[PDB]
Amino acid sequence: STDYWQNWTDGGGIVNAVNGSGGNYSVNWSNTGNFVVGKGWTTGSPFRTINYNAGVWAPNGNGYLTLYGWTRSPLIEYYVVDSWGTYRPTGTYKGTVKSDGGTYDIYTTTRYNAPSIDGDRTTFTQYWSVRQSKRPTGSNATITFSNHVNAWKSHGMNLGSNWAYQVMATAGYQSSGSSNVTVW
């Protein structure tokens, strides 16, 4: 019952995103700048369990297969990264959390004068859970987001009171690749 289509690119290279049937989408990208594409929900929830099955996850270089969303009040961009390409994202280490058969490291980072849902020139903190090893793809996976929300809270990483979208995303950074993901 997804109802949100996320498709943002800074315009660099080619990001061929297909909004497929139901919860399904694909991305074929090449020689990109930065981009984020995914399917999910118009209003995020700290109580939502996200299901997905990545039929293809094939980054060539730097890309993430990740829960992705925002809050406002305050403005926070958040990630639950299940898999990646050549680079495992890290930042300021906060702790760990076990969820959905995985162990995730918790990080914070900051963006300065960068694109956000509030405009092209904003400064904000990012919250991360990053799986310690790449999650197997091709079978049904779950992200029990509450586990992350609560772990983040325990480290003083509180989300905002105004929930924006919440999607299961393919994100890329100066890379190429292909993905095909179904979200529900």
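All residue numbers refer to positions in the sequence shown, first residue = 1.
- Higher mean CA temperature factor between 139-147 and 121-129: 121-129, per the PDB entry.
- Per the PDB record, of the two stretches 148-156 and 61-69, 148-156 carries the greater mean B-factor over its C-alpha atoms.
- For the set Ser161, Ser176, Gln166, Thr170, the PDB entry puts the maximum C-alpha B factor at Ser161.
- In the PDB entry, a CA B factor belonging to the middle third of its chain's modelled residues is recorded for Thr42.
- In the deposited entry, the Cα temperature factor of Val97 sits in the top third of values across the chain's modelled residues.
- The entry lists a Cα temperature factor for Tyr104 that places it in the middle third of the chain's modelled residues.
- Among the modelled residues of the chain, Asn7 sits in the middle third by CA temperature factor in this PDB entry.
- Sort the modelled residues of the chain by CA B factor and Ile76 lands in the middle third.
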